[PDB]
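J.: Compute the structure for the input listed below.
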Amino acid sequence: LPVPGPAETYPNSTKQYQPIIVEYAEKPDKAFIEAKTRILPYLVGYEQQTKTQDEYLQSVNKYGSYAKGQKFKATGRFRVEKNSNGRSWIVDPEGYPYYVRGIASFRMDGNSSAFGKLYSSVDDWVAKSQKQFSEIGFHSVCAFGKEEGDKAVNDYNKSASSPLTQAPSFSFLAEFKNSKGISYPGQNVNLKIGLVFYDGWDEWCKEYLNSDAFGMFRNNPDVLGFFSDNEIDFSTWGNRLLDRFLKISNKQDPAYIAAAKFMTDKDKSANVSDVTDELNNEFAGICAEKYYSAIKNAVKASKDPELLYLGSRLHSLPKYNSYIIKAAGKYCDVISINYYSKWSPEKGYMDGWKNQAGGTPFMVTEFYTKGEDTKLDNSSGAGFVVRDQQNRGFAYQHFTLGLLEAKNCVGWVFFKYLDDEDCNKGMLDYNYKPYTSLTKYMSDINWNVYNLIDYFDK
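T.: Residues are numbered from 1 along each chain as shown. Here you go:
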C-alpha cells in the first residue's frame with residue numbers, strides 16, 4: 001500500500017482517514033490528475049473485521065444477508081425496510097437485511113473458446129459464478145443479462161439451494177412505441193419520455209406487467225426487482241427537455257401538446273423564450289411522475305404486487321433534478337442511479353436525495369474505473385481510467401465507502417461482469433479471468449459492509 005498522509009476528516013463525515021493519492025484520467029488519452037482517496041486500511045477507528053472468505057460466508061445467509069444481528073419481518077419476498085436510526089435496507093424473503101452488492105451484465109459475452117475451457121454448460125457457468133461471486137461478497141446480478149443471461153440465472157435459481165439473485169432490465173418506452181406502432185416524438189429517440197403523454201400509456205403498462213415479458217419473474221422469490229428503462233433523457237448537456245418538446249414540428253404530437261399546456265398553465269407563453277431551468281426541471285418532473293406512477297400502478301394491479309420496482313437508472317443531469325427525484329421517491333421502491341463522472345459520491349446531493357425522495361432509498365446501479373495496465377483502447381464508457389488493477393481496487397473502496405455513509409443507499413452494482421474486447425470495464429477479462437488485484441480490494445469492502453455500516457452509524 002502507499003504511505004498515507006496525516007489524518008484528516010473526510011468531507012461531510014465525522015470520520016477521519018489517512019489519505020492516499022490515486023491518479024486518474026477522464027479518458028485514456030488525457031492527462032492524469034492526482035486525487036485524494038480514502039481506502040479501507042486507512043480509516044481511522046476501523047480495523048477490518050472479516051478477514052477471510054470463510055469468515056464472511058459464515059456470517060451471511062444464502063442471499064448474502066447478514067445473519068447474526070438484526071432482522072425484520074419476513075414476507076417471503078424481497079422488500080424495503082428502514083431501521084430506527086434512519087437507515088434503509090433491502091430485506092430478504094426471510095427478513096434478513098441484504099446490503100445490495102451486485103454485478104451488471106452477467107451474460108456469456110466473452111471469448112467463446114475461453115468459455116468452453118472454463119465452463120462445461122450454461123448451468124455450470126451460473127453455478128461457478130454464484131460461488132465465485134459469493135466469495136468476493138457479491139450476491140446479485142443486475143441488468144443487461146438479455147434473454148439468454150436472464151433465463152440462465154432464472155433456471156439455475158429454481159433448482160439451486162444458493163441463489164444468484166437477479167434484477168432484470170426492461171425497455172418500457174421502446175416497447176410501448178412498438179406496441180402502438182408509432183414513432184418517437186419528433187422522430188427523436190432522445191424525446192422518448194414524451195410517450196408518457198400518448199393515449200394508452202397507463203393501460204399499456206398494466207398489460208405489460210401481466211404479459212409473458214414478466215412470466216419468469218413474477219412471484220419468484222429470487223428476483224430482487226426490475227428496472228423499467230436505462231438512462232432516460234430527461235434533459236441533457238446542451239439540450240433541455242422542455243425546449244426540445246416545444247420545438248417538435250408536428251404540433252399534434254402529444255409531447256408538444258403537453259409542453260405547451262404546461263407553459264400556459266404556469267401563465268407563460270408556449271415558446272422557448274419563456275422557458276427557464278426551473279420550468280424545464282419542473283416539466284421533466286411531471287414527465288417522471290407520469291412515467292413512474294404508471295409503472296408502479298401497473299405492478300400494484302398485476303398478478304404480483306410484491307415485485308419491487310427499482311426505477312429507470314437515472315444518470316447525467318436527471319439524477320440531480322429534485323423534481324425527478326421527488327417523483328421517483330413517490331413511486332419507485334428503490335431509486336436507481338448510475339453514478340458517473342465523480343471521484344467521490346457527493347454527500348450533499350445524497351442527503352438531498354433522502355429529503356427529496358421522502359425517505360425512499362436509492363441504489364447505485366453502475367460505477368467503475370478502467371485500468372491503463374490492460375493496454376486496452378479504454379475509450380468507451382464514462383468510467384475513469386486509473387493506472388492499474390490495484391488502483392481500480394482503491395477506487396472501488398473509495399467510492400463504496402462514500403456510499404456506505406449514505407443511510408438512504410441500500411447498495412450498489414459494479415458495472416460490469418466482463419471487459420469489452422477493447423475496454424477494461426470488467427471484474428473479469430474478456431477470457432473470463434478475474435482481475436484478482438481488483439477482487440481482493442472488492443472483497444475487503446464487500447465482506448465488511450454490515451460492520452462498516454455499524455461504524456459509520458454508531
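J.: for residue 23, helix, strand, or coil?
T.: strand (DSSP: H, G, I helix; E, B strand; the rest coil).
J.: contacting residues for the closest residue in space to it that isn't next to it in sequence?
T.: Setting aside the residues directly before and after it, residue 23 is nearest to residue 32 in space (C-beta to C-beta, 6 or more residues apart in numbering), at 4.3 Å. All C-beta atoms are positioned from the backbone trio N, CA, C, and that covers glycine. Counting by C-beta atoms under 8 Å, 6 or more residues apart in numbering, residue 32 touches 23, 24, 25, 385, 387.
J.: Of the residues you listed, which is the most crowded?
T.: residue 385 (25 neighbours; other C-beta atoms under 10 Å).
J.: Distance of that residue relative to residue 414?
T.: Between residue 385 and residue 414 the distance is 16 Å, computed by C-beta to C-beta, to the nearest Å.
J.: I'd like to know which of the contacts of residue 32 is nearest to residue 89.
T.: Nearest to residue 89, judged by C-beta to C-beta, of the contacts of residue 32 is residue 24 at 31.7 Å.
J.: what's across from the closest residue to that closest one other than its chain neighbours in the sheet?
T.: Nearest non-adjacent residue to residue 24, counting by C-beta to C-beta, 6+ apart: residue 384, 4.5 Å away. Note on residue 384: beta-bridge partners by DSSP bridges are residue 369.
J.: wouldn't residue 384 be in contact with residue 343 here?
T.: Yes - the criterion here is C-beta atoms under 8 Å, and residue 384 meets it with residue 343 at 7.3 Å.
J.: Pull out the buried residues from the helix or strand containing residue 442.
T.: Assigning secondary structure by DSSP states H and E places residue 442 in helix 436-446. By neighbour count on 16 or more other C-beta atoms under 10 Å, the buried set for helix 436-446 is 437, 438, 439, 441, 442, 443, 444, 445, 446.
J.: which residues does the fourth one contact?
T.: Looking back up the chat, that one is residue 441. Each residue near residue 441 by C-beta under 8 Å, 6+ apart is listed here: 39, 40, 390, 392, 393, 394, 396, 397.
J.: Can you say which two of the residues you listed are spatially most distant?
T.: Based on C-beta to C-beta, the longest span within those runs between 40 and 392 and measures 14.2 Å.
J.: Tell me which of the two has more neighbours.
T.: Shown here are residue 40 and residue 392; by other C-beta under 10 Å, residue 392 has more neighbours (30 against 21).
J.: Tell me who's in contact with that one.
T.: Here residue 392 is in contact with 368, 369, 370, 371, 386, 435, 437, 438, 441 (criterion: C-beta under 8 Å, 6+ apart).
J.: if I pick residue 361, what's in contact with it?
T.: 80, 88, 334, 335, 408, 409, 410.
J.: now swap in residue 278 and tell me
T.: For residue 278, the contact set (C-beta under 8 Å, 6+ apart) is empty.
J.: Wasn't it part of a helix?
T.: Yes - when three-state DSSP is applied, residue 278 is found to be in a helix.
J.: Please report how far it lies from residue 136.
T.: Using C-beta to C-beta, we find residue 278 at a distance of 45 Å from residue 136.
J.: Kindly report the same for residue 144.
T.: 19 Å.
J.: Show me which of those two is the more surrounded one.
T.: Per other C-beta under 10 Å, whichever of residue 144 and residue 136 has more neighbours is residue 136, with 24 against 20.
J.: In contact with that one, which residues are there?
T.: Taking C-beta under 8 Å, 6+ apart as the contact definition, residue 136 lies against 439, 442, 443, 446.
J.: Please apply the same query to residue 140.
T.: Neighbouring residues of residue 140 by C-beta under 8 Å, 6+ apart: 64, 100, 101, 102, 103, 164, 165, 166, 167, 224, 413.
J.: Please report phi then psi for it.
T.: phi -130, psi 160 (degrees, to the nearest 10).
J.: That one and residue 119, how far apart?
T.: Separation of residue 140 from residue 119 (C-beta to C-beta): 20 Å.
J.: quick revisit: which of the contacts of residue 140 lies closest to residue 358?
T.: residue 100 (20.2 Å).
J.: Please give me every residue in contact with residue 148.
T.: Residue 148 is in contact with 107, 108, 122, counting by C-beta under 8 Å, 6+ apart.
J.: which residue packs closest to the last one, ignoring adjacent ones?
T.: Meaning residue 122. Closest residue in space to residue 122, ignoring its immediate chain neighbours: residue 152 at 4.9 Å, by C-beta to C-beta, 6+ apart.
J.: residue contacts, the one you found?
T.: 108, 122, 123, 125, 126, 145.
J.: at 10 Å instead, please
T.: By C-beta atoms under 10 Å, 6 or more residues apart in numbering, residue 152 lies in contact with 106-108, 121-123, 125-126, 129, 141, 145-146, 164, 166.
J.: Which of the three states applies to it?
T.: From three-state DSSP, the assignment for residue 152 is helix.
J.: if I look at it, how far off is residue 118?
T.: 15 Å.
J.: can you pull out the helices in this structure?
T.: 53-59, 112-118, 122-135, 146-159, 172-180, 201-209, 241-246, 254-265, 277-301, 322-331, 347-356, 389-404, 436-446, 449-457 (DSSP state H).
J.: So which of the ones you listed is nearest residue 73?
T.: So among those, helix 449-457 is nearest, using C-beta to C-beta, at 18.9 Å.
J.: C-alpha coordinates for the closest one, CSV please?
T.: C-alpha atoms of helix 449-457 as CSV (Å, rounded to 0.1, in the frame of the first residue of the first chain):
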residue,chain,number,x,y,z
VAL,A,449,-20.4,-3.8,4.7
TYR,A,450,-22.5,-4.6,7.7
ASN,A,451,-19.8,-3.8,10.3
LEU,A,452,-18.8,-0.8,8.3
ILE,A,453,-22.3,0.5,8.5
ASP,A,454,-22.2,-0.1,12.3
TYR,A,455,-19.0,2.0,12.4
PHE,A,456,-20.5,4.8,10.4
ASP,A,457,-23.9,4.9,12.1
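J.: Which other helices and strands does that helix contact?
T.: strand 97-98, helix 389-404 (3 or more C-beta pairs under 10 Å, 6 or more residues apart in numbering; DSSP states H and E).
J.: rerun that using 8 Å as the cut-off
T.: Applying 3 or more C-beta pairs under 8 Å, 6 or more residues apart in numbering; DSSP states H and E, we find helix 449-457 packed against helix 389-404.
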